[PDB]
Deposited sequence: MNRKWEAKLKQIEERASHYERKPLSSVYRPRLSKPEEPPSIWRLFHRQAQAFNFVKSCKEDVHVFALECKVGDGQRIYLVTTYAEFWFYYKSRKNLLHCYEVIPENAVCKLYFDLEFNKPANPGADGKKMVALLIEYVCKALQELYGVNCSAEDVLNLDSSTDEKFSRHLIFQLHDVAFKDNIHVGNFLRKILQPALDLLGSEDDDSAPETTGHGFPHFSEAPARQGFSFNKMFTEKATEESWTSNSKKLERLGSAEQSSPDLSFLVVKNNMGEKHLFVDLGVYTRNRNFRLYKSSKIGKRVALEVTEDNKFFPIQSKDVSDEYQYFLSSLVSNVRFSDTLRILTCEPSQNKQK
């Protein structure tokens, strides 16, 4: 109830074919529309013209969004809005300052990370998976090894992203102590000891840069790594790039009549 109260105060304080394309200034007004929609619609965040994080919000289906998005001539700097309390996938934001840590073997650190989380998923939930179920994206530059991992688990999902964070803090506590998970620590922008895993992305209504999208500032967009081992099922009725787009979406959990929802309280 504590969350539903903060929104109520912010509110008072503030022919053609079957298409759906609604832009909203307030994230709250967007989700309100989704409820009164009657169509499998979702919420996207577009970075406004301002160089800061000022964002506007779009509401449309995945298919209709990919239609006006695939060319990459329009709708640049888009983000997925991960709805609070909604079932989602296991994902990661991986990033360290390249020059600050030279000896870091990026492609080797991710494999060690995945094999750990995989083992963790088995010991704690009986879930079995391998890197073959891990969509691997890249947005790196000459100064930042940036990677996004989206797990594609078979009939499995988390209660929400808040529980994903709890899962990681639990299994990454041995590394957090280091103010064998030695390969996680990395020197930050100013010599400080941060964690190769960004644990600040597991919040309510988190934005997450979409596939083939770059921040309003730079121009490097997310793309599938070369060592990626997740390959969707080829379907003649939709393009392959659309498959990766659907997979990459954190909050687009495969409909399954045997879905195991995973929880984890802190």
Stretches with no C-alpha position, numbering per deposited sequence from 1 = 15-35, 201-261, 349-354
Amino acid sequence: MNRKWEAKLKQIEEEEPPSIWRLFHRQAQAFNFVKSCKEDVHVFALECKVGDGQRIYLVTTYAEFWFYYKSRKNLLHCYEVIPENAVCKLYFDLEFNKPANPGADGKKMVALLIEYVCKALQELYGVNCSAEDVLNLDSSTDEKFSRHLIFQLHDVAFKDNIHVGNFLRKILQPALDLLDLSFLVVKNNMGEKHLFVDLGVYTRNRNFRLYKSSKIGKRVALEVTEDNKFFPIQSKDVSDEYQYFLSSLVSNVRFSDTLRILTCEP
From here on, numbers count along this sequence of modelled residues.
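C-alpha atoms forming the largest set that superposes within 1.5 Å between two forms make up the rigid core.
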Between 62-70 and 47-55, report the one with more C-alpha displacement in 5 other deposited structures of this protein relative to this form after a rigid core superposition.
-> 47-55
In 5 other deposited structures of this protein, with the rigid core superposed, the stretch whose C-alphas stray more from the shown form, 5-13 or 239-247, is 5-13
Of 23-31 and 207-215, the stretch whose C-alpha atoms average the higher B-factor in the entry | 23-31
Got a sec? Mean C-alpha B-factor, which is higher, 32-40 or 225-233?
-> 32-40
Pick out which of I162, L149, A100, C129 has the highest C-alpha B-factor in the PDB entry.
-> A100
The residue of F167, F183, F158, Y125 with the maximal C-alpha B-factor according to the PDB record is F183
Sorting the chain's CA B-factors, does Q11 end up in the lowest, middle or highest third?
-> highest
State the tercile, meaning the lowest, middle or highest third, of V201 with respect to the CA B-factors recorded for its chain.
-> lowest
Going by what the PDB entry lists, where does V50 fall on CA B-factor within its chain: lowest, middle or highest third?
-> highest
Split the chain's modelled residues into thirds by Cα B-factor; is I56 in the lowest, middle or highest one?
-> highest
Name the third of the chain's ranked CA B-factors that contains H194, choosing lowest, middle or highest.
-> highest
